[PDB]
Amino acid sequence: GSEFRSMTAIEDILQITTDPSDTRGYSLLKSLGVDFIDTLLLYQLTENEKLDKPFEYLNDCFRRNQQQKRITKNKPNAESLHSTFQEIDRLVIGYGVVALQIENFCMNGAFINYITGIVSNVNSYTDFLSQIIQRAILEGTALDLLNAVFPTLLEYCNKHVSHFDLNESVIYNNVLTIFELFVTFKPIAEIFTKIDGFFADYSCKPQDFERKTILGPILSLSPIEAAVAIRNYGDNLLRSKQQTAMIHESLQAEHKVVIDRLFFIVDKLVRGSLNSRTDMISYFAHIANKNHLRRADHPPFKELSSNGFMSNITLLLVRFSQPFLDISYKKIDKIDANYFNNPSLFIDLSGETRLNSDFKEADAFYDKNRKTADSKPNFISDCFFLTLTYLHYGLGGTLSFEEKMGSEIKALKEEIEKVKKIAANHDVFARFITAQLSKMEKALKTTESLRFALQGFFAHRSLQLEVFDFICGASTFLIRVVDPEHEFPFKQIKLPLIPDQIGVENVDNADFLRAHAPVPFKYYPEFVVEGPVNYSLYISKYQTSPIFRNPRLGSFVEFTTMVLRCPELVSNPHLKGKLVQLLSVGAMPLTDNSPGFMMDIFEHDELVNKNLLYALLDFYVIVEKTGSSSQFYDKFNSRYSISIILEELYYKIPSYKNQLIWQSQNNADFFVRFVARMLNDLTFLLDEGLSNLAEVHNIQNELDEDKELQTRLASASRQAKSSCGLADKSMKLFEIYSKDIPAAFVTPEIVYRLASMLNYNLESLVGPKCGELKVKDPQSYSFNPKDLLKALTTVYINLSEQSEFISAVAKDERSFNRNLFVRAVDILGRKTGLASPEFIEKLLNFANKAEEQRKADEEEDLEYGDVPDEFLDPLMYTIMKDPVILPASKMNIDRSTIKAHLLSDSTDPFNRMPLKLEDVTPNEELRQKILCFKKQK
C-alpha cells in the first residue's frame, strides 16, 4: 500500500531487511512499523558483526536520509515519509552522539577508528558531525563529545601518522578543518580549554608540549620543521636561486594559510569567555616559562620546544596585539604600565635581569605595593607582555639558531673531509668509520636543508612585517611608560628626564642613576628591549627586511635614541651596544651612495634630531667605564658604530653638522670629554691592530695544538680588523671635524696630547712598524695603511695655521722629526689618492714651519736659558724662593705665588680643585739645589 512506501524507504536508508531472500546486499536481522527502527539500529550497532565501521555507517545513513528528502519533496506523494524521515534523523544523529561519547558502545572499533575515518575524508562527515555537535550542546553533554574526539585527535596525530607535519597535506589540512568546524560553535569555544589534556602534564618535558597537549600538533604545522625542510630543499641543495626562490614562495604561501587558520582557531577560543582566554594565556605562559634555554649559548635542543612551534605562537600573539598598537594609538591605555608592580601571575620573572634594578629592589618594590590587587589578569596586557617574551625566547631563539648555521656547516664539511681520509684496514673499523661518516652527512643535510627552510621564513615579508610592526608599536608604548606624564605619543616627551651631569666627573653614577631611574620602567624585564633589538639586527641582513622603509621605523628609532640619551633607563651597556649598532645599519649609505634608510628619520623626527647627536657623544665616552669579564671589545665595537653614524650625520645632514660645531663652542667641556677618549684610543689602536696582525701570521706560519691554535688565530684577526677599523674611522673624524673647527683641537688639554698622538702614528705609518708587516690580504682586516696616512696628514694641514698646534708639534720631543713628513710625502706619492701636489705642498710648508719653530726654541733655550726649568715658578717665571707642592696637581709653585693667587681664588691654578695655603706641603729638597746653584755658579 503506502504504509509500505515507509518500510521500503527504511530499508534503503538503513540498508537492512527482514526477508532472508533480498535482491540486495542488505543486512538481515534475526530476533510495529517505524517504532521498530530504533530496534533495527541498536542491532546494526551492537549485534551485526559485519559492521566494522559503525560510524562510517551512521554517516552513510544520515547521508542517504538527506537524499531521500532531496527527492521526496519533488513529488506529490510525500507525507507519511516525513513521519519516518524524521525518526531517522532523530536516531542516526542521536546515536552518532553516543558513538563519540561512550568508549566502546559499538561492536567494532573505538574512538580512534571512527575519528580516523573522519580525518580521512572529512568533507563527508561535515554535515552529520555538525548535527551531532548541536545535539550535544542542546542535550547538555558536550564536554563529553569533546573529551572523545580531541584527546583522540591527539593520539591520531601522534601514533597513527608517521609525522604530523606540513608534508601530510591532506591529513593536517583535514585535521584543521575538524578544529574549525568544531570550534565555530561558540558554546564549544567557551568550554574548549576544559578538554582532558589541554594543559601540560606538570611532568611533561618541554619537547613534548607540542605533542601531549591538545593544541599541540596543529600549533606546530610549519615549514621550518626538519622533515619539511629536507623534503622540500634537501631534495637538491645545489639548485639555482630561481628554483630555490620558487619553493620559498610556495612554502610561504602554505604557511600564510596555516597561521591564518591557526589564528582563526585560537581567536574563537579567546572570544569564548573570560575563563577561556585566561586559560589560553596560562597555556602559552607555561610553554614560554620552560623554554628559556632556547636562548642559551648552546641550547639543549632535544629538551626544548621546536622553532616551528615557538615561532607560530609568536606570530599568533603578534596578531592578538596588532589591534592595540595600530598607528592611532587610541587603545594604548589598555596595556597596564604597572603590569610588573605586583608579583606576576603568568610570566615567571624569577632570574630575569631587569632594565635598571635588581632582585632585592624588585622584590622590595612588590612590598611597596601590598595594598593593590594581586590577581587582576587584564588579558590585553598579558597578551602584550607574553608577545614580548615570545619575541625573545621564541622568535629570538629561532633566529639565533640559523645565524650560527653557516659556521656549523663549514666545521662539519671539514670534519667529514678529515674522517674521509682515514684508511681502515680491519673490516670492523672500516664499517665503523663509514657509520661515523654516514651520521655526519645526515647531520649536514639536515642543517643545510633547515638553513634554506629558515631562510625562506625570515625572507617571508608579509609575516615578518607583522613582527616588526609589533616592535614599533611596543616602542611607542614603552616611551609612554618612561614619559613622566604618560601621554606619548599624543603629547611629546622631554629629554633628559633628569638633568645631565655637568658634574658627570663623579663616583660611578651607577648607584645615582639607578636611584633616579623612572619608577615603573626600571623594574621592567630586560628582554623587553633585547627581543626587539636582536630580531632587528638579525632580519636586517635580509633583502626583504621589514625594517626597510617601513612607515613606522620612527617609533623604534625614537625609543632607541631615548635609551641612548638617558643613561638611567637601561644599565646594560652590552645591550645599548646593540642599539647603537642598529642605528649604524640605518646610517650606512646604500650602494647608490644615497642616504641610509634611517637618515631621513634621523633628520626630521623631532625627538630624534634633538637628542641623537648628544646621545652618541655621551655614550662614546660612557662605554669605556665598562666591560664585564673580557666583554672588553664591546667599548670598541660600540665606538666603531658611533663613528659610522657620526661620519655620515656630518656629511649628509647640515642640521647635525651644526649641532656638532655648536656643542664644541657652547659646551666644550662635554665635547672635549668626547674627543679626549677618541684621542687616547688612537694612541694604541693602530699599534695593537698591528700586533694582532703580526700574530695572524705567526700562526699561519706554524701551519707549515690546532683545535685551539685556530680559535686563537680567529680571535687575533678579529681584534685586528676591529682595531685597524676604529683607527681609520677615528682619524677620518679628526680630519673632518678639524676642517671646520680647528680651534677646538688646540685647547691646552687637547693640543699637546694631540700633537704627540699624531707624531706617534705618523712614525708608525711612515716606518718599519707598518713597513715590514706582511699580512695575507690587507683589506680583509680593514687595514689600509696608505688611506690612514692620508687622514693623518690632512689633520696636520687643517691645523697648520694654529700657532698653538704648530708650537706643540714642534715641542714634542718623543716623535717629531721633519724627515718623517718627508718620507710621508714620498710614500704618499705611491698610490694616487694624494690631493697633491697642492697637498704635498701644503704639507711641506707645515713640516718646515714646525722645523722652524723647533730650532727657534732649541736656540731660545741655549742662549737665554740658564736657570734649569724645575727651579722656575710656573706662573712668575722667576727663580723660586719658597718651593711648595700643590696637592691637587702635584705642581710645584712659589709660596708667594699660591699665597698671592689664593687671596682671590681658593682653587688650584692648574687643575681647578679647592685648597688652602695649609694643604700646601713645602718642598725643601728642591730649594736645596736652588741654593748650591744660586750660589755655586
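Criteria and thresholds
- Along every chain, residues receive numbers from 1 upward following the written sequence, which is not necessarily the numbering found in the entry; those without coordinates are excluded from display.
- To get the side-chain values, all heavy atoms of the structure are used, and hydrogens and water are removed first.
- Secondary structure elements are defined from DSSP: runs of H or I of at least 4 residues count as helices, runs of E of at least 2 residues count as strands, and each element is numbered from the N terminus.
- Values of the radius of gyration come from C-alpha atoms, whereas the globule rule sets the reference at 2.2 Å times the count of residues to the power 0.38.
- For every residue, the accessible area obtained with a 1.4 Å probe (protein chains only) is divided by the maximum for its type, and the residue is called buried under 20%, exposed over 50%, and partly exposed between those limits.
- For the accessible areas, the method is Shrake-Rupley and the probe is 1.4 Å, while residue cover comes only from the protein chains on display.
- Charged residues are defined here as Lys and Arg on the positive side and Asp and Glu on the negative side; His and the ends of the chain fall outside this count.
- By convention, the point assigned to a charge is CZ for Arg, NZ for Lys, CD for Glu and CG for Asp.
- Helix span, as expected, comes to 1.5 Å for every residue beyond the first.
- It only takes one pair of heavy atoms within 4.5 Å for two residues to be counted as in contact.
- The domain boundaries here were taken from an automatic or database domain assignment.
- Between N-to-C directions, angles cover 0 to 180 degrees, with each direction set by a line fitted to C-alpha atoms, over the stretch in contact for helices.
- Roughly parallel refers to an angle under 35 degrees, roughly antiparallel to one over 145, roughly perpendicular to one between 65 and 115, and oblique to any angle outside these ranges.
- Each crossing gets its handedness from the near helix: less than a right angle anticlockwise from the far helix is left-handed, clockwise is right-handed.
- Ring pairs shown here join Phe, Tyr and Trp side chains whose ring centres sit within 6.5 Å, with only the six-membered ring taken for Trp; geometry is labelled stacked below 30 degrees between planes, edge-to-face above 60, and tilted in between.
- The patch calculation keeps residues exceeding 30% relative accessible area without a salt bridge and links them within 9 Å when they carry like charges or within 5 Å when they are nonpolar (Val, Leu, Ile, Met, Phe, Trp, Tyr).
- A pair is scored as a salt bridge if a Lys or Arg side-chain nitrogen falls within 4 Å of a carboxyl oxygen belonging to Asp or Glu.
- Note on pairing: two strands pair once DSSP finds at least 2 bridges between them.
- Here, nonpolar core refers to any group of buried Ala, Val, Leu, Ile, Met, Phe, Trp, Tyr and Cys residues whose side-chain atoms link them within 4.5 Å.
- In the analysis that follows, any N or O atom pair within 3.5 Å is treated as a polar contact, provided that within protein one partner can donate a hydrogen and the other can accept it, and provided that, for residues neighboring in sequence, both atoms belong to side chains.

### Some thoughts on the overall build of the protein
Here is step 1 of the chain: Helices and strands together make up the secondary structure of the protein, namely 37 helices and 5 strands.
Here is step 2 of the chain: Compactness check: the protein gives a C-alpha radius of gyration of 39 Å against a globular reference of 30 Å for 937 residues, more than 25% above the reference.
Here is step 3 of the chain: Principal axes of the C-alpha set define a box for the protein whose edges measure 155 × 80 × 50 Å.
Here is step 4 of the chain: Out of the 937 residues in the protein, the part that is buried amounts to 50%.
Here is step 5 of the chain: Only carbon and sulfur atoms are counted for the fraction: they give 51% of the accessible area of the protein, which is about 45900 Å².
Here is step 6 of the chain: Of the side-chain charges in the protein, 106 are positive and 125 negative, and the distance between the mean point of each set is 1 Å.

### Examining helix α14 (residues 307-321)
Here is step 1 of the chain: Taking 1.5 Å per residue as the helical rise, α14 with its 15 residues ought to reach 21 Å, and the 21 Å between its terminal C-alpha atoms agrees with that figure.
Here is step 2 of the chain: α14 sits mainly inside the fold: 15 of its 15 residues count as buried.

### Topic: the side chain of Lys576
Here is step 1 of the chain: By the element assignment, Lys576 lies in helix α23 (residues 573-585).
Here is step 2 of the chain: The contact partners of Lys576, leaving out residues within four places of it in the chain, are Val563, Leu564, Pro567, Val570 and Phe619.

### Notes on unusual backbone geometry
Here is step 1 of the chain: Residue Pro489 is reached from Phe488 by a cis peptide bond, and omega for that bond is 0°.
Here is step 2 of the chain: Backbone torsion omega between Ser836 and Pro837 reads 0°, so that peptide bond is classified as cis.
Here is step 3 of the chain: Locating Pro837 in the fold gives a position in the loop between α34 (818-826) and α35 (838-864).
Here is step 4 of the chain: Positive phi values are uncommon outside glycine, yet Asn593 reaches one of about 60°.
Here is step 5 of the chain: With respect to the helices, strands and loops of the structure, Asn593 is situated in the loop between α23 and α24 (599-604).

### Some details on the domain arrangement of the protein
Here is step 1 of the chain: Split by domain assignment, the protein resolves into domain 1 (1-865) and domain 2 (866-937).
Here is step 2 of the chain: Taken over C-alpha atoms, the centre of domain 1 sits 64 Å from the centre of domain 2.

### Focus on the packing of helix α19 (residues 461-482) against helix α21 (residues 527-539)
Here is step 1 of the chain: For the pair α19 and α21, the least separation of the axes is 11 Å and the interaxial angle reads 140°. Taken together, the axes of α19 and α21 lie oblique to each other. In terms of crossing hand, the pair formed by α19 and α21 is left-handed. Listed contacts from α21 to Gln464, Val467, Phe468, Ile471 and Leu478 of α19 are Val528, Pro532, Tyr535, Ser536 and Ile539.

### Points about the packing of aromatic side chains
Here is step 1 of the chain: Scanning the model with the defined rule gives 53 aromatic pairs in all.
Here is step 2 of the chain: Taking 5.4 Å as the distance between ring centres and 50° as the angle between the ring planes, the aromatic pair formed by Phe198 and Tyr283 counts as tilted. Highlighted residues: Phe198 in the loop between α9 (186-192) and α10 (216-219) and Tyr283 in helix α13 (residues 274-289), separated in sequence by 85 residues. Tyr283 carries the same exposure label as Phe198, and that label is buried.
Here is step 3 of the chain: A ring pair is formed by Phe457 and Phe458, whose centres lie 5.0 Å apart and whose planes are at 55°; its orientation type is tilted. No difference in accessibility class separates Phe457 from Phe458, as the two residues are buried.
Here is step 4 of the chain: Here the aromatic cluster, defined as three or more aromatic residues joined through ring pairs, consists of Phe150, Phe179, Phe182, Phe192, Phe198, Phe199, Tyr283, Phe284 and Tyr390.

### Description of a nonpolar patch on the surface
Here is step 1 of the chain: A surface patch of nonpolar side chains, amounting to about 360 Å² of accessible area, comprises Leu875, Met876, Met891 and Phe910.
Here is step 2 of the chain: With respect to the helices and strands, the residue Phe910 is situated in the loop between α36 (895-902) and β5 (921-922).

### A look at the pattern of salt bridges
Here is step 1 of the chain: Taken as a whole and judged by the stated rule, the model has 43 salt bridges.
Here is step 2 of the chain: Of the charged contacts in the structure, one is a salt bridge between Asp208 and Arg211, with a shortest N-O distance of 2.5 Å.

### Thoughts on the environment of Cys472
Here is step 1 of the chain: In this structure, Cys472 sits in helix α19.
Here is step 2 of the chain: Spatially, the C-alpha atom of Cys472 lies 8.5 Å from that of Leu325, the residues being 147 residues apart in sequence.
Here is step 3 of the chain: Contact partners of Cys472, with chain neighbours within four places excluded, come to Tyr329, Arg552, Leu553, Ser555 and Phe556.

### Let's talk about the sheet that holds β5
Here is step 1 of the chain: The 3 strands are arranged β4-β3-β5 in an open sheet whose pairing can be described as antiparallel. If you trace the sheet from one side to the other, it starts and ends with β4 (892-894) and β5, each paired once.
Here is step 2 of the chain: Here strand β3 (residues 883-885) pairs with β4 via 3 bridges, running antiparallel. Within β4, the position partnered with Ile885 by the bridge is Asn892.
Here is step 3 of the chain: Contacts between α36 and the sheet are confined to β3, β4 and β5, with β4 contributing the most and set at about 80° to the helix.

### Observations regarding the nonpolar core
Here is step 1 of the chain: Membership of the largest hydrophobic core comes to 268 residues, with the highest contact counts inside it found for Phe150 and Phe602.
Here is step 2 of the chain: Sort the elements by how many residues they give to this core and helix α28 (residues 668-701) lands first, with 14 residues.
Here is step 3 of the chain: Not counting the four nearest positions on each side in its chain, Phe602 is found in contact with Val557, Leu583, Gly586, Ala587, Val608, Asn609, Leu612, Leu649, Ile653 and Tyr656.
Here is step 4 of the chain: Within the second largest apolar cluster, 8 residues are counted, among which are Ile409, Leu412, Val419 and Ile433.

### Examining the packing of helix α3 (residues 54-72) against helix α6 (residues 126-138)
Each pair of packed helices can be described by the angle between their axes along with the distance between the axes.
Here is step 1 of the chain: Contact pair α3 / α6: the axes reach a minimum separation of 9 Å and the direction vectors enclose 100°. In this view, α3 runs roughly perpendicular relative to α6, as classed from their interaxial angle. Residues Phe55, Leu58, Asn59 and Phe62 of α3 form the contact with α6, whose own contacting residues are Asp127, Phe128, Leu129, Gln131 and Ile132.

### Quick word on the side chain of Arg480
Here is step 1 of the chain: Assignment of secondary structure puts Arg480 in helix α19.
Here is step 2 of the chain: Using a relative accessible area of 12% as the deciding quantity, one classes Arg480 as buried.
Here is step 3 of the chain: Within polar-contact distance, the side chain of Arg480 engages the side chain of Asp333 at 3.2 Å.
Here is step 4 of the chain: Not counting residues up to four positions away in its chain, the partners in contact with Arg480 are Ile332, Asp333, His486, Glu487, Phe488 and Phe490.

### Digging into the environment of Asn232
Here is step 1 of the chain: As for its placement among the helices and strands, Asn232 is situated in helix α11 (residues 226-232).
Here is step 2 of the chain: Spatially, the C-alpha atoms of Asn232 and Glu210 are 23 Å apart, while their sequence positions differ by 22 residues.
Here is step 3 of the chain: Beyond its immediate chain neighbours, meaning those up to four positions away, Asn232 contacts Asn167, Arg239, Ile247 and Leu251.

### Quick look at a negative patch on the surface
Here is step 1 of the chain: Together, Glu859, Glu860, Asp861, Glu863 and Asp869 give the surface a local cluster of negative charge.
Here is step 2 of the chain: You can see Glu863 is positioned in helix α35.

### Topic: the environment of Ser756
Here is step 1 of the chain: For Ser756, the location among the structural elements is in helix α30 (residues 748-766).
Here is step 2 of the chain: Distance in space between the C-alpha atoms of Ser756 and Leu726 is 19 Å, their sequence separation being 30 residues.
Here is step 3 of the chain: In this structure, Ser756 is in contact with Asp812, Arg814 and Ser815, ignoring residues within four places of it in sequence.

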